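Following: one structure in structure tokens, then a few remarks.
Computed over heavy atoms, backbone and side chain alike; hydrogens, waters and symmetry mates excluded. Every chain is numbered from 1, with letters handed out A, B, ... down the list of sequences.
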Amino acid sequence: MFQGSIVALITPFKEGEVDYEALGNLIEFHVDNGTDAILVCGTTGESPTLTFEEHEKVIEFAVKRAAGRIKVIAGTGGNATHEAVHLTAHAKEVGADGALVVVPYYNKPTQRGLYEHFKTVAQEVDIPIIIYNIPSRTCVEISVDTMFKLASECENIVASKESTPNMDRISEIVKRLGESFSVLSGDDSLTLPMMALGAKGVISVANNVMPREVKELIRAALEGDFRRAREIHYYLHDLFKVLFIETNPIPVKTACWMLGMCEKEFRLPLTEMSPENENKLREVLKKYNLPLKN
Amino acid sequence: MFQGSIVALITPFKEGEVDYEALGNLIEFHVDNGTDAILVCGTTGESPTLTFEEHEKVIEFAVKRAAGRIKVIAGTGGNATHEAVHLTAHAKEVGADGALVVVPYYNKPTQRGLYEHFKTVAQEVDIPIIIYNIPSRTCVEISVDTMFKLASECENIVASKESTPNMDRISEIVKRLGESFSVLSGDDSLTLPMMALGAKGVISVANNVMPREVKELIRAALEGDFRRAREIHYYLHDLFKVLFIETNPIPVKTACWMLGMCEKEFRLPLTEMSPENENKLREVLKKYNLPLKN
Amino acid sequence: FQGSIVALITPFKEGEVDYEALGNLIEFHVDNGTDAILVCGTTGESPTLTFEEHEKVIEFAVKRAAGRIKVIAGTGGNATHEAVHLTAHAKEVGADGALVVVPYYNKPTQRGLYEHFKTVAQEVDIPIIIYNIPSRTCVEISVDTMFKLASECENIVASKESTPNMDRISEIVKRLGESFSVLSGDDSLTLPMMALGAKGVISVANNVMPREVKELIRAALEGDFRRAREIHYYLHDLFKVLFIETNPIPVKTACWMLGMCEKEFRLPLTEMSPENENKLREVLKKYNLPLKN
Amino acid sequence: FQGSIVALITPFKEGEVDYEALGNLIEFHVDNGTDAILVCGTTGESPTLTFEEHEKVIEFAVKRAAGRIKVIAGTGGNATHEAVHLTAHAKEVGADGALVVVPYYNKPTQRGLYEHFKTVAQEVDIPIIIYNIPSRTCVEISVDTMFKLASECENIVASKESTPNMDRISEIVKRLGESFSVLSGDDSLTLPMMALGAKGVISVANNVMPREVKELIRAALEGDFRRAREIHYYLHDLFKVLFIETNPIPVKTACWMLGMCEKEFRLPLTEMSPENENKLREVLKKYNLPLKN
């Protein structure tokens, strides 16, 4: 059921606090632009620097604002199982449609550890769970064997956001976990090839600024029209690349600021772009004829 | 122009010499199974252990025996420019339809060195040239910038065999180089996603064993029917994987032996598979109900 | 900061920090000559300790140590504001230094890393040790950034390097002051790093064979690498087995066998596979360690 | 095999091997204390030399050196039959040893790696040095395979290790005999590898500063790492710049600047990017070297 165009929403900041009015407008932005679901408090949403309480407040707020018009997925994981259980329980409590649980970063648990982590959370909270695999950030990877064991034991574990350049891994997951499981692209530039292999959508960064176009790419792929998919993919390629000229979400939050959707404010260790890179970004957005407010 | 199902043909040996009887039968095998072109003396053909002379002989043998019934591409590269020019000139003289020139391995030339290497070969020999990029073996990669410059300056540098797991590189090549350039998959398990991005075919290891099925996969992709492409892809997945249980071409040549197409003979440093892996290979081939003779 | 420093494990007992075990651990190192105790590091399962447990463990280590042994507090994370607060607390309770890991997971730009450490350093007047371990953080603080940081912040005085790149060690030693201190972040690399100029090690092996490791350090610091090699190769098997599974799984299991703590981890960490635990036991018995479990 | 060994460049002139220049290079090393010369190695552009030139260069070197300095012949490739014949030729013409690289590009299995070296070693009674450089060959010979080879063939006596993994060096030193010799395959890692037990280096840097490198090796062999460190750090800038571009592009260019050979490579190798060549010149000037070009 998790499919289509999903946006990894940035978390607006103002006066060093979560900017709820901007977040609210961001939600409306996606409701009227065709986005299928919003992921709040994810990596792109700067969850590392959000307090545990801001996490629960943002999730609760998003659910209330969206109010069923679009799905709301909450980023509820970390590298501590007990903590992930509590936050996932909260998401369940406040009405979130699903929980995105990242593979534990930094402490590099064994595969048995990864199994017990996800199993513990899934058996504790009756909410759809999406595994989030991104080795380039977590410095560890959940094996397909482990994913298979997890999806088989917990009807609760239904999908995986894959931020991996290995198409072979996607093939393995699609083939082994079967049709009731859903693979979601964790990288905009790889959505087309991943969907050609059976992925059901993408949890996108580019979605933050060009919702309609990304949505179109997804529908073309879902329809099996890859001639049209390629057309959109190559048109959006420049955007996909520039959004990563610096560590995500630095570029995407900066782009949203340029479009007047939020304040140009991050929380350390994240910082504003280098003037040179920020100008490259502005120039790319202009080529797409986006209405820049700042 | 170079597209479809192309086989990276093994080079059969017998009594420590090239087995021309077996090589001839291999050519017949591909002529009546619909293969689009035969590539001889590539990595899968054990070019590393073939003398310059055997290279020359295998290429002429392939062209003459093919007798115009199937395209013949000659593997003519190495890591020394002078000899690459010489062998490529030979391929041209004996009527090869094209030359596959690998990115120099081991000596890791600079990008300028790669530019001069390929430019020299292309300008000296008027034969269509396919660049062969495989970083996992050569330990260096020809940048897209270098490829763009070469393709722009040399009319006969028309394609690239890409054995890379980076779909983004494929996107970059398709987008930056003309519609007049052809990208060929250099990895059987990656053919589907690469063609979804615009690749025109594959220089395959698997079609040595199942040419009809692989061509069917290519046909579906070219027609844009990725639903059918996926069915073939996943059907052939076990085959694609087992053929790399040990360094290519050890398993594929062993598979050809089991099918009775060649002797189970390699040239050191290559060796026969371990008894255990060989048995695992046989099990996979039986699963595909292949007519094993050995 | 120099010598044999131990990246101490954090004992657990039925869901909570085991302070009696931790207390014995402190005396264990006071009695064996260890130069300093690092609490709440990766080896101490910092990832699964709440913020309150961090500050609690840090104060407990300082107060129970009572100046008998130097205490270093692991106070970093990937959020600058939190790191400042925890580092301030370490300073507040009297820790001798603060180990601040390079932000993990969010991969800050070098400018971000600069501002991260600068902020903590300028806010808390306590000696700071940068902790670089790319294999876990998935990002690396550049030597250019370290140079700039050490040049501007007088209290940024050292770096724990868990890197297999000896060239990076050479660049740091060469570019940063003679005063700056490079501490090995990998037991297996202590000898080569010290031959290059490193001042010591923040070890994992220290948790079970404090005297032998201290011996390795002394020989290296004395310039007697003939002897350092003798100790290095003798402890080689120990060094390797301690990483048969993700650290601190092996070392805590070893401490348990030695009767130094309960066999309890916090998920996602788990007990070793029975076959790897058997391997660990065999190695320990080979060093004739008095196992109690 | 030990001490300071030079991976000699191969001078070219008008598309042919420049024997006059080569002879002078040999005298240069006899005059400056180099322990052995390796001809037709990666640094000597073996990839672009014909089998014929390989034979010619090796025979020329032995005849010129005439025992005043040891001569090691690069005789390997990724084809076993070919390596046997070239190695046989090296022994025939009087080479003191043969360096056989781990097969590149075709990625043999460990069994193939075993058979490759075993076949060469059993066919030719000449001391053999294994050359492991994963960054170029794209495969690595495991310590297990090395152990099996060294145990089986008395003439497989050493390994040139171009790896940044000190743990691999420790493993080789500990597992293989005291007789087996590990030689650094990277100038910047000679110090740490020797601190671990390596016996010398097959260097690129001593092509231009033979005396200084020799002193580094001597200090290390004597166990005086304080002195080894000052030389290591003194030569760091040189070690670094010699790899600003793929070796041997920088070192051959340096030799040309020193007037030791013509500025000529064989494609696919090319002259340095202009900006990089200028950076190289600056570094050599900093060392006050007598530049002729």
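Environment of CD in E152(C): crowded, with over 12 heavy atoms of neighbouring residues, nucleotides or ligands closer than 6.0 Å. Atom CD of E52(C) has more than 12 neighbouring heavy atoms from other residues, nucleotides or ligands inside a 6.0 Å radius. Within a 6.0 Å sphere centred on CZ of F243(C), heavy atoms belonging to other residues, nucleotides or ligands number more than 12.
With a 4.5 angstrom heavy-atom cutoff, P104(A) touches chain C only via side-chain atoms. Heavy atoms closer than 4.5 Å to chain C are found in the side chain of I250(A), but not in its backbone. With a 4.5 angstrom heavy-atom cutoff, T120(A) touches chain C only via side-chain atoms.
Two residues are said to be in side-chain contact when any heavy atoms from C-beta on lie closer than 4.5 Å; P108(C) and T271(A) fail this criterion. A 4.5 Å side-chain heavy-atom check between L268(A) and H116(C) finds every atom pair outside the cut-off.
Between the CG atom of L270(A) and the NZ atom of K107(C) there is a distance of 12.5 Å, given to the nearest 0.5 Å. Going from atom CD of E272(A) over to atom OG1 of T109(C) covers 11.0 Å, rounded to the nearest 0.5 Å.
Closest approach of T80(C) and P269(A) over heavy atoms only: OG1-N, 3.1 Å.
Listed options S273(C), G112(C), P248(C), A83(C) were ranked by heavy-atom pairs under 4.5 angstrom with chain A; first place goes to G112(C).
For the pair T49(A) (side chain) and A79(C) (backbone), a donor-acceptor distance under 3.5 Å is absent.
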TODO: Please step through side-chain hydrogen bond (donor to acceptor under 3.5 Å, both in side chains) for the pair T42(C) and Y106(A), ending with a clear verdict.
DONE: CA-CA 9 Å; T42(C) 303; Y106(A) 186 76; 2.4 Å; yes
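Residues from residues 134-144 of chain A that place a non-hydrogen atom less than 4.5 Å from a non-hydrogen atom of chain C comprise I134(A), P135(A), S136(A), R137(A), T138(A), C139(A), given in numerical order.
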